[PDB]
Protein chains: 4
Amino acid sequence: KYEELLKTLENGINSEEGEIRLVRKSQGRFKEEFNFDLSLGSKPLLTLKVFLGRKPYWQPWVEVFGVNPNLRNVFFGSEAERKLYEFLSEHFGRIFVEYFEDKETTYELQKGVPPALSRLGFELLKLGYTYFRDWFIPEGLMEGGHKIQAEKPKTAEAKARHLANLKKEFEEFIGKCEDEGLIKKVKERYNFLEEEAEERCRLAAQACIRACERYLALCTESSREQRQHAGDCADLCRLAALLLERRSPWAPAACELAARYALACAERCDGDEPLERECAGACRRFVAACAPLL
Amino acid sequence: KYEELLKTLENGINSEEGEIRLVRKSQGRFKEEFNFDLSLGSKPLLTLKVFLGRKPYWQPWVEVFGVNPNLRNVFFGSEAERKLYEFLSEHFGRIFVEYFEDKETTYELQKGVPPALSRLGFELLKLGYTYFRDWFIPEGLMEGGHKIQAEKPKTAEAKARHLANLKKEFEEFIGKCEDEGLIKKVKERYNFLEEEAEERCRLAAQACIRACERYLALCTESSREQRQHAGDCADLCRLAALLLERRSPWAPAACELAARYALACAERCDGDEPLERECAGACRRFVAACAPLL
Amino acid sequence: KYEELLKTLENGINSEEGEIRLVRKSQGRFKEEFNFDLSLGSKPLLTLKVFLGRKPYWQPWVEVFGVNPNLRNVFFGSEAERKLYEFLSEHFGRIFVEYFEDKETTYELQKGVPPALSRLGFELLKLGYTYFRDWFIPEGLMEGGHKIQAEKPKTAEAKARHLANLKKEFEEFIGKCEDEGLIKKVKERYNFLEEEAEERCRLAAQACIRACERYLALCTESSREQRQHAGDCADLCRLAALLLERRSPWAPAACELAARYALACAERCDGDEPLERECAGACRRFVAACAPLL
Amino acid sequence: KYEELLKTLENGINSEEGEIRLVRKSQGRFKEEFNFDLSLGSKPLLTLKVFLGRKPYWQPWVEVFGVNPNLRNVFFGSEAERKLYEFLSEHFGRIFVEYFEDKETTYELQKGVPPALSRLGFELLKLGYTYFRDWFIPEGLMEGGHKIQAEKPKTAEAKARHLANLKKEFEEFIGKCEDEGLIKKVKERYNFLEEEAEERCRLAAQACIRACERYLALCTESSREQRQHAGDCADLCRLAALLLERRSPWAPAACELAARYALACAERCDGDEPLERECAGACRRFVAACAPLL
């Protein structure tokens with residue numbers, strides 16, 4: 001698990017704003033601490049303190065620290081930002097990000113926005129992190145007291161547990177803030193993610209419709225229960241995907257009936273055959289896309 | 001109203017099993033009682049005690065009594081049976097039918113079947129009668145001791161009110177009877193009516209789709225909530241009606257979500273306008289068609 | 001069934017406004033028609049056309065007709081009114097009452113009040129009649145075209161079916177009428193009956209509490225399940241009866257939990273013993289009082 | 001925070017089975033790791049690896065490891081067990097306990113019992129720990145392969161969140177295990193905690209009754225809806241608390257109606273005022289106590 005990250009790091013990470021590569025990597029204060037200085041274009045950018053985990057007391061995590069204030073108006077909001085979080089989310093359940101040098105997020109946080117909805121948090125939100133803790137106080141034994149803790153949900157219970165919690169913080173924030181040009185920049189980000197979750201469902205449904213369409217067509221060896229299961233399942237994902245595309249308010253009520261028959265289509269149509277496997281898989285995907293709506 | 005019946009009776013009623021004509025007609029015990037002896041082929045068949053009504057204390061009704069036991073294996077289940085009830089349903093809200101000489105229905109009733117689902121009741125069920133009362137007890141108080149009372153529904157509310165009531169009696173009967181060749185002969189009769197019940201829903205949904213289709217189109221004066229309410233409502237009735245036509249097993253699950261939004265479409269789209277009134281009415285109809293499935 | 005009524009009629013019916021007795025009784029136009037002229041104090045008051053029933057086509061009913069207009073401001077609203085309906089409700093499912101000579105009810109009906117809520121209907125409402133039909137048109141074959149039809153509910157399903165229907169007519173009437181001194185005289189009658197139904201429950205609960213109180217006390221031979229069943233049952237009827245007395249809005253929600261345990265107390269505590277029989281009976285009563293709230 | 005524990009450890013911890021004292025204490029692999037060998041009576045018993053916390057990446061925790069298998073039938077279930085967990089719960093949010101040498105718990109865990117309900121877990125459950133993770137797998141990745149993770153709840157929301165989760169695991173376990181002398185040993189342990197859970201509800205209800213009693217009394221500035229909301233709410237918590245004290249079987253049915261009106265009392269009575277805040281808070285508490293029963 002240690003060299004999967006260190007291979008894609010010495011490899012280098014491509015961006016329009018300069019490629020990153022390791023400048024100085026070291027094994028940290030303890031057996032499991034590691035300290036990686038990195039470089040963006042020509043310049044030394046930031047230091048990465050990482051953790052593979054040391055079971056059972058320790059979770060695995062990554063901290064990003066000591067960033068380059070010269071690169072403050074270039075980096076944040078770029079391809080480079082988006083790609084670096086996508087990289088780290090593949091190996092780290094928790095992530096710690098210094099917002100000391102980010103002028104937008106510091107400002108935003110302090111204006112009272114929920115940490116997930118901040119400019120910088122909004123991006124980590126998108127990469128599967130749901131839990132958030134904002135440190136502005138260094139609280140004794142921590143140096144560099146301006147960091148965001150973010151965590152991927154433990155369960156599917158916790159992921160919709162937190163999202164509900166975030167919505168209440170969003171409703172509360174909106175009935176507190178008087179800054180109306182900030183309040184929009186968060187409303188649009190809040191809504192836009194609501195929209196992205198629907199569009200994933202819309203595409204999951206699309207590929208499920210075709211995966212069923214081909215199933216009933218070309219799998220002639222199939223029970224009549226299976227031709228009905230997949231047949232109806234396709235018409236459902238249809239109606240749902242229609243309501244998603246029009247961001248209809250009745251759509252999550254639709255997706256709920258589709259998902260329970262989608263999982264029912266999967267369980268009766270799956271098999272060794274690849275057309276069967278794709279029907280089931282595309283049923284499971286669509287099902288997996290609807291949890292943010294339910 | 002008196003001579004519309006007596007003209008089609010002296011005219012005679014054609015059947016493959018003999019034509020019926022009046023043999024002896026008389027004006028009964030009271031001003032409004034009438035007693036008609038009838039003949040099938042050569043033989044005197046039965047007596048008809050009829051009532052044009054004597055408002056406001058009296059409903060209009062017909063009793064059939066004193067039937068010919070020689071014609072017991074010829075009549076019941078023929079063209080002749082079907083046509084005689086179709087005739088009477090055109091003038092009589094209530095109908096009283098002696099099942100003393102019918103060996104199949106007596107037997108069936110006794111075996112515990114709901115009166116509507118009996119061999120003989122099943123036919124009166126088809127001719128628009130919904131309410132049923134089975135008299136088997138001439139217990140020291142009652143003359144005319146083996147007769148079925150049947151009645152046409154007062155409202156569209158009562159017709160789906162009763163059909164729901166019948167379904168519960170059908171579910172209860174099915175979890176009580178051990179006679180498995182009777183239990184099928186009722187399931188199949190119930191089934192055919194389930195099939196009639198789906199097609200009513202399918203057509204109710206059809207006329208609802210168009211009633212919404214025209215609403216959003218030609219009622220330009222309508223809120224954007226109303227254009228979404230009726231717009232989505234149509235797509236629902238669509239998916240449902242698809243599953244009904246293919247007698248799909250997932251269809252009642254579909255109709256359930258449609259009905260709850262169909263009643264929601266009605267309440268937000270109804271008004272003085274006829275296009276509004278038809279949207280609501282066609283929403284209510286579809287809703288009224290789905291009660292036999294839920 | 002014929003002489004139970006005719007014995008309490010030749011006996012005479014006591015009132016503060018004069019005693020009624022039969023003046024001329026006769027057997028009517030048909031075998032089952034009967035026509036009874038009656039007398040209040042010295043004077044001939046009204047004629048009663050009655051019906052014991054002639055199964056299975058006929059329900060049993062009583063019509064009151066040809067009343068004394070001199071007794072118009074004396075009778076209506078007296079002890080005499082209340083007692084005469086209480087008498088007739090013991091033998092007649094349906095009742096027909098001429099409102100031609102009643103100046104208050106004619107007026108009220110026409111002002112658009114629901115027939116049950118009229119001055120005269122309100123009293124028949126109290127005596128277990130729920131269904132109502134108001135004849136102002138004589139519709140051909142009826143002489144004296146100013147009569148109220150009233151009927152006792154067929155089931156417990158129909159009694160709360162109709163009461164719900166009446167409430168909607170009451171809400172609709174209240175959003176239509178501009179006569180504000182009539183509108184109160186109906187609001188107070190509507191509310192007052194809501195109140196009387198609660199008070200019956202309150203007293204049914206009271207006698208149930210004591211019937212349980214004595215049970216657990218003096219029936220020492222009783223299971224510990226039974227001492228808990230009746231013990232808890234008493235505490236429930238307590239909390240309920242508290243909320244009823246304060247006409248609390250949360251009371252019907254309370255009565256609902258009490259009733260389901262009241263019927264549970266009955267079924268486990270009943271027996272041959274009279275203290276057992278009274279516990280069960282008082283449990284059933286309380287249960288029977290809560291149906292108007294549920 | 002470091003020497004509060006190390007002062008009560010060098011002091012020594014008294015038990016009927018021998019007093020514990022530190023034999024060899026050392027500062028561990030990192031700045032914040034500490035490794036304490038301890039002694040029970042004459043013998044070296046176990047090693048304690050502790051953590052004061054190193055914010056913000058680190059929670060504070062204690063691991064117990066390398067225990068004495070000779071002391072296996074003496075310790076577990078004694079005064080000594082109970083007291084050691086009570087000590088540690090005062091400084092540690094999380095606790096890691098090796099169950100390698102405990103024959104009862106290993107066995108029990110394996111038999112499929114939820115970790116909290118095990119012999120050893122049941123005790124840590126009592127000391128305010130709610131979350132549980134059972135490590136049995138040192139599968140080629142993990143050192144320290146037979147240890148129980150246990151954690152104190154973050155909120156009052158999480159504590160009844162988890163207890164509900166445990167109940168479902170208890171219901172699931174009970175419908176899976178065929179070992180009937182184990183299944184009782186867990187039912188009885190679960191039962192005692194059910195009994196603790198009712199008494200919490202009883203006291204939550206008590207403090208809620210008084211919090212409402214004072215509200216309606218001394219908050220004279222209050223709507224008449226609020227005086228009814230809190231007034232009735234108190235009478236409910238009354239009836240419930242009565243049934244809890246008698247461990248009545250109808251009590252959870254009672255608590256269910258109370259809780260839904262308790263949360264309704266809170267939402268309409270809460271405010272800036274402390275008497276308002278205590279009414280709402282005591283309503284929420286009672287509500288929070290009833291989740292283990294529902």
# chains A, B, ... in the order shown; residues from 1 in each chain; ligands from 1
>>> interface_residues(of="chain D", to="chain A", cutoff="8 Å", atoms="only C-alpha atoms", output="tab-separated table (two decimals) with N, CA and C atoms, in the first residue's frame")
chain	number	residue	atom	x	y	z
D	29	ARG	N	7.90	4.70	21.32
D	29	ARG	CA	8.54	4.89	20.00
D	29	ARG	C	8.53	6.35	19.48
D	30	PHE	N	7.44	7.08	19.76
D	30	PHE	CA	7.32	8.50	19.38
D	30	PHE	C	7.22	9.40	20.61
D	54	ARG	N	-2.54	14.16	20.45
D	54	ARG	CA	-1.63	15.07	19.76
D	54	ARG	C	-2.43	15.77	18.67
D	55	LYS	N	-3.29	16.68	19.11
D	55	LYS	CA	-4.27	17.35	18.25
D	55	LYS	C	-3.61	17.93	16.99
D	56	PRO	N	-4.37	18.05	15.87
D	56	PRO	CA	-5.77	17.68	15.69
D	56	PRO	C	-5.95	16.30	15.03
D	96	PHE	N	-8.55	0.01	23.75
D	96	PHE	CA	-8.24	-1.22	23.01
D	96	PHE	C	-7.86	-2.36	23.97
D	135	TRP	N	-11.46	-6.78	16.35
D	135	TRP	CA	-10.35	-7.24	15.51
D	135	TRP	C	-10.05	-8.69	15.87
D	142	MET	N	-1.81	-7.01	9.78
D	142	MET	CA	-2.10	-6.39	11.08
D	142	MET	C	-1.40	-7.10	12.25
D	143	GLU	N	-0.68	-6.32	13.07
D	143	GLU	CA	-0.08	-6.81	14.31
D	143	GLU	C	-0.95	-6.37	15.49
D	144	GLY	N	-1.14	-7.29	16.44
D	144	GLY	CA	-2.07	-7.11	17.54
D	144	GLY	C	-3.41	-7.59	17.02
>>> residues_around(residues="residue 158 of chain C", least_positions_apart="4", cutoff="12 Å", atoms="only C-alpha atoms", output="NGL selection string")
(:B and (158 or 161-162)) or (:C and (129-131 or 151-154 or 162-166 or 291-292))
>>> residues_around(residues="residue 198 of chain D", least_positions_apart="5", cutoff="9 Å", atoms="only C-alpha atoms", output="list in words")
residues 193, 203, 241, 244, 245, 247, 289, 290, 292 and 293 of chain D
>>> atom_distance(atom1="atom CA of residue 92 of chain D", atom2="atom CA of residue 13 of chain D")
17.1 Å
>>> residues_around(residues="segment 217-222 of chain A", least_positions_apart="6", cutoff="10 Å", atoms="only C-alpha atoms", output="list in words")
residues 231, 269, 273, 275 and 276 of chain A
>>> write_last_selection(atoms="N, CA and C atoms", output="short mmCIF file (atom, residue, chain, number, x, y, z; two decimals), in the first residue's frame")
data_model
loop_
_atom_site.label_atom_id
_atom_site.label_comp_id
_atom_site.auth_asym_id
_atom_site.auth_seq_id
_atom_site.Cartn_x
_atom_site.Cartn_y
_atom_site.Cartn_z
N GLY A 231 -37.24 -6.03 -18.76
CA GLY A 231 -38.10 -5.23 -19.61
C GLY A 231 -38.71 -4.07 -18.85
N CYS A 269 -31.57 -11.49 -13.07
CA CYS A 269 -31.00 -11.53 -14.42
C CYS A 269 -29.50 -11.84 -14.48
N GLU A 273 -22.77 -15.23 -18.13
CA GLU A 273 -22.79 -14.49 -19.39
C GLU A 273 -22.46 -13.02 -19.15
N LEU A 275 -23.47 -10.35 -21.02
CA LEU A 275 -24.68 -9.56 -21.18
C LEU A 275 -25.52 -9.60 -19.90
N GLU A 276 -25.51 -10.74 -19.22
CA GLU A 276 -26.15 -10.86 -17.91
C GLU A 276 -25.41 -10.04 -16.86
#
>>> residues_around(residues="segment 36-42 of chain B", least_positions_apart="2", cutoff="10 Å", atoms="only C-alpha atoms", output="VMD selection string")
chain B and resid 6 9 to 10 12 to 28 34 44 to 50 64 to 68 71 80
>>> write_last_selection(atoms="C-alpha atoms", output="PDB file, in the first residue's frame")
ATOM      1  CA  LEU B   6     -93.776  -4.211 -20.448  1.00  0.00           C
ATOM      2  CA  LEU B   9     -91.587  -8.227 -22.354  1.00  0.00           C
ATOM      3  CA  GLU B  10     -94.780  -8.741 -24.483  1.00  0.00           C
ATOM      4  CA  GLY B  12     -90.546 -11.346 -26.120  1.00  0.00           C
ATOM      5  CA  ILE B  13     -86.890 -11.984 -25.314  1.00  0.00           C
ATOM      6  CA  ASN B  14     -84.954 -14.213 -27.776  1.00  0.00           C
ATOM      7  CA  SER B  15     -82.611 -16.977 -26.615  1.00  0.00           C
ATOM      8  CA  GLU B  16     -81.039 -20.139 -28.008  1.00  0.00           C
ATOM      9  CA  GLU B  17     -82.854 -22.026 -25.168  1.00  0.00           C
ATOM     10  CA  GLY B  18     -86.405 -20.771 -25.997  1.00  0.00           C
ATOM     11  CA  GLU B  19     -88.023 -17.369 -26.268  1.00  0.00           C
ATOM     12  CA  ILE B  20     -89.674 -15.862 -23.179  1.00  0.00           C
ATOM     13  CA  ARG B  21     -93.021 -14.181 -23.277  1.00  0.00           C
ATOM     14  CA  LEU B  22     -95.581 -13.158 -20.667  1.00  0.00           C
ATOM     15  CA  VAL B  23     -98.180 -15.855 -19.801  1.00  0.00           C
ATOM     16  CA  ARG B  24    -100.105 -14.039 -17.002  1.00  0.00           C
ATOM     17  CA  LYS B  25     -99.507 -10.448 -15.879  1.00  0.00           C
ATOM     18  CA  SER B  26    -101.373  -8.994 -12.890  1.00  0.00           C
ATOM     19  CA  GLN B  27    -101.440  -5.863 -10.741  1.00  0.00           C
ATOM     20  CA  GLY B  28    -100.283  -6.931  -7.305  1.00  0.00           C
ATOM     21  CA  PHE B  34     -97.079  -6.053 -10.165  1.00  0.00           C
ATOM     22  CA  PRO B  44     -94.381 -21.491 -17.753  1.00  0.00           C
ATOM     23  CA  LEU B  45     -90.870 -20.597 -16.348  1.00  0.00           C
ATOM     24  CA  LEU B  46     -90.965 -18.068 -13.469  1.00  0.00           C
ATOM     25  CA  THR B  47     -92.902 -15.204 -11.833  1.00  0.00           C
ATOM     26  CA  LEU B  48     -91.663 -11.590 -11.767  1.00  0.00           C
ATOM     27  CA  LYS B  49     -92.741  -9.237  -8.954  1.00  0.00           C
ATOM     28  CA  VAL B  50     -91.758  -5.723 -10.070  1.00  0.00           C
ATOM     29  CA  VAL B  64     -87.502 -13.221  -9.769  1.00  0.00           C
ATOM     30  CA  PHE B  65     -89.224 -16.217  -8.073  1.00  0.00           C
ATOM     31  CA  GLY B  66     -90.827 -19.669  -8.507  1.00  0.00           C
ATOM     32  CA  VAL B  67     -88.441 -20.826 -11.233  1.00  0.00           C
ATOM     33  CA  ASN B  68     -88.665 -24.099 -13.193  1.00  0.00           C
ATOM     34  CA  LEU B  71     -84.731 -25.902 -16.704  1.00  0.00           C
ATOM     35  CA  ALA B  80     -80.383 -16.702 -21.912  1.00  0.00           C
TER      36      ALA B  80
END
>>> atom_distance(atom1="atom CA of residue 294 of chain A", atom2="atom CA of residue 249 of chain A")
13.0 Å
>>> residues_around(residues="residue 72 of chain A", least_positions_apart="6", cutoff="9 Å", atoms="only C-alpha atoms", output="ChimeraX atom specification")
/A:101-103
>>> atom_distance(atom1="atom CA of residue 271 of chain C", atom2="atom CA of residue 252 of chain D")
28.2 Å
>>> select_by_dssp(residues="segment 49-239 of chain D", states="helix (DSSP H, G or I)", output="JSON, numbers by chain")
{"D": [69, 70, 71, 72, 73, 74, 75, 79, 80, 81, 82, 83, 84, 85, 86, 87, 88, 103, 104, 105, 106, 107, 108, 109, 110, 115, 116, 117, 119, 120, 121, 122, 123, 124, 125, 126, 156, 157, 158, 159, 160, 161, 162, 163, 164, 165, 166, 167, 168, 169, 170, 171, 172, 173, 174, 180, 181, 182, 183, 184, 185, 186, 187, 188, 189, 190, 191, 192, 193, 194, 195, 196, 197, 198, 199, 200, 201, 202, 203, 204, 205, 206, 207, 208, 209, 210, 211, 212, 213, 214, 215, 216, 217, 218, 224, 225, 226, 227, 228, 229, 230, 231, 232, 233, 234, 235, 236, 237, 238, 239]}
>>> residues_around(residues="residue 86 of chain D", least_positions_apart="5", cutoff="9 Å", atoms="only C-alpha atoms", output="ChimeraX atom specification")
/D:81,124,127
>>> write_last_selection(atoms="N, CA, C and O atoms", output="PDB file, in the first residue's frame")
ATOM      1  N   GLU D  81     -11.740  -6.080  37.736  1.00  0.00           N
ATOM      2  CA  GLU D  81     -12.117  -5.766  36.365  1.00  0.00           C
ATOM      3  C   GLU D  81     -12.900  -4.457  36.339  1.00  0.00           C
ATOM      4  O   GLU D  81     -12.496  -3.491  35.680  1.00  0.00           O
ATOM      5  N   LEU D 124     -17.448  -2.796  29.515  1.00  0.00           N
ATOM      6  CA  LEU D 124     -17.025  -1.531  28.883  1.00  0.00           C
ATOM      7  C   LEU D 124     -18.214  -0.729  28.370  1.00  0.00           C
ATOM      8  O   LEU D 124     -18.182   0.502  28.343  1.00  0.00           O
ATOM      9  N   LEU D 127     -19.419   1.374  31.250  1.00  0.00           N
ATOM     10  CA  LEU D 127     -18.576   2.551  31.532  1.00  0.00           C
ATOM     11  C   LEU D 127     -18.620   3.640  30.430  1.00  0.00           C
ATOM     12  O   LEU D 127     -17.640   4.366  30.229  1.00  0.00           O
TER      13      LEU D 127
END
>>> select_by_dssp(residues="segment 88-242 of chain C", states="strand (DSSP E)", output="JSON, numbers by chain")
{"C": [94, 95, 96, 97, 98, 131, 132, 133, 134, 135, 147, 148, 149, 150, 151]}
>>> closest_atom_pairs(of="segment 67-133 of chain A", to="segment 175-181 of chain A", cutoff="9 Å", atoms="only C-alpha atoms", output="Markdown table")
| residue | atom | partner | partner_atom | distance |
| --- | --- | --- | --- | --- |
| A:111 | CA | A:177 | CA | 7.8 |
| A:112 | CA | A:177 | CA | 7.5 |
| A:113 | CA | A:177 | CA | 8.5 |
